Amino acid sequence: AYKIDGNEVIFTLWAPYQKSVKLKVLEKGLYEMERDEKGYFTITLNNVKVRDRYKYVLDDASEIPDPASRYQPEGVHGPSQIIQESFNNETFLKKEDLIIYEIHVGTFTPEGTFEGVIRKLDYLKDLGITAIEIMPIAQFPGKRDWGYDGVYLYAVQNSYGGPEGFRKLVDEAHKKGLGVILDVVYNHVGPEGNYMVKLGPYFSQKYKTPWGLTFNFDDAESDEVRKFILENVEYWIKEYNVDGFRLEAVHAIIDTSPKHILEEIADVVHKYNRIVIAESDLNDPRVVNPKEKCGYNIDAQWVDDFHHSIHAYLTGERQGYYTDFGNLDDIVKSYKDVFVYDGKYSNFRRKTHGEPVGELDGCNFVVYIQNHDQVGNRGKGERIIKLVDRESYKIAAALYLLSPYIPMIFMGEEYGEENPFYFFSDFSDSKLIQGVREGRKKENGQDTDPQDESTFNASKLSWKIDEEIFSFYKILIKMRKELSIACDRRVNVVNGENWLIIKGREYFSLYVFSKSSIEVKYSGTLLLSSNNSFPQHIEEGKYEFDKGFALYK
């Protein structure tokens, strides 16, 4: 990194593999750097200002961007740039009022920039969302990427609007009473434009993940790599005033140290009173358990079991991981016990999977019927709206929005967006271009070309409003708040062949998947319905209901 110190600025580069490194300040000089014995290279300079461009030149004369670059104006292979130094001591977000909205900046808006998301803030606020979640903005190759190919952990993507656009987005979100959560990647680096391998043991020689290589957290020289990650979390908070984080694939962050890097990450976010959420495929409560119960004390985790159980039941799909799901029983299991695989044999995984969650309340978990993976990892990128009828879509929306868990809405879901969301990338390396095309075709059955611009264009939201769907979402969100549904796992669930009744402290819901005669054990007054066949006031008794959903107070 660099540190601005009055009128001077000190450049620090960690590079144990390197005998000697030069700082090349574009159009100024080449400056020999001083080397300490742990292999940190330094110089303090007097003639450097905001906006100056630089690179490092290595033993073998080759020139590289700063791996801790704060800005890559010309992309992943261009020079690094010096930017203005910048936060609130607290996030105003309360974990239990959290309703999350997932945004891919590039496709969210015709603009495809942060400014584009600023334009939608009033709309999001009025919808009833309390936090936006931004998919990764760490600089990745070209302009079209989900974000997981990011390769400069500190550098806000140039083509989204860079440092200033992001800072402006968070400032405007705060003015409007909305939090921002940044999706961040601490388990891997993208395959194009990363130069760390030339500098030191950033990557493990011990571990292989689905992704491939991973960061080195527990082997020789790993102190400095732990710092690189820990300082990154601190950086987003101080420099951008971010409210929280969503950690990509924590099951791929491998650490056998006495104290797990995941626990240290949560320490950093909590020291600054922020929130962290984990994407975890472990079904293991240690991720969110407090330290006194041997956990990392992360605030919440994504629970795919909830999505899968709804998706597989409603669609009839059993391909890939859906094979582990499909029964109505699975939805009730996840509504009661959170995990469906809570220590039970998985045919998909060919092993016993998961662990019960205990008495953890609902706000340690996040659920959804849609997100970038559950749409985008499908070969044809189909939203669930294309896979179920209108009533089923509404029933699915109710099931998660009225659950004890923190709900996350996928951009466009709420107004009935029909456009696909495809996997797209924007590599320039011809081997990587070939690999991604072949891999997406073989693994996902993707027929559109990930590297074709029209694949990105087809994934852009249309903003074509289905008013009836939008109204339904809006009222759901509002009723969730009024009924104090959030976090509260004290629910009673009854099911028959083709229906579910779920009762909480203040409400009951009827989810009728197919015309059924149902014994209703409660009295109440109708708050919301997926059609108008349900009565305003219901009393205990037996009723024949058509497909649909009804919420009673």
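We number the residues from 1 along the sequence you see.
Worksheet entry | Unmodelled deposited residues between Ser86 and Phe87, binned | Per the record, 1 to 3 deposited residues are absent between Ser86 and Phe87.
Worksheet item: Mean C-alpha B factor from the entry: is it higher for 512-520 or for 41-49?
Response: It is 41-49 that shows the higher mean C-alpha B-factor.
Worksheet item: Which wins on mean Cα temperature factor, 77-85 or 148-156?
Response: Mean C-alpha B-factor is greater for 77-85.
Discussion item. Between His270, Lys95, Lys481, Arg390, which one tops the list for Cα B-factor in this entry?
Written reply: When the deposited C-alpha B-factors of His270, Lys95, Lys481, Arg390 are compared, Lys95 is largest.
Worksheet entry | Residue of maximum C-alpha B factor among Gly439, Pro136, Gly381, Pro404, per deposited coordinates | Of the candidates given, the C-alpha B-factor peaks at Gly439.
Worksheet item: Hey, what third does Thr323 fall into on Cα B-factor, ranked over its chain?
Response: Lowest third, going by the recorded CA B-factors of the chain.
Worksheet item: Of the three thirds of its chain by CA temperature factor, lowest, middle or highest, which one includes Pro201?
Response: As the PDB entry reports it, the C-alpha B-factor of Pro201 lands in the highest third of its chain.
Item to complete: Name the third of the chain's ranked CA B-factors that contains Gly435, choosing lowest, middle or highest.
Response: It falls in the top third of the chain.
Item to complete: Tell me, lowest, middle or highest third: where does the Cα B factor of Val185 rank within its chain?
Response: Bottom third by C-alpha B-factor.
Worksheet item: In terms of the CA temperature factor given in the entry, to which third of its chain does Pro210 belong: lowest, middle or highest?
Response: Within its chain, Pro210 is a highest-third residue by C-alpha B-factor, going by the deposited values.
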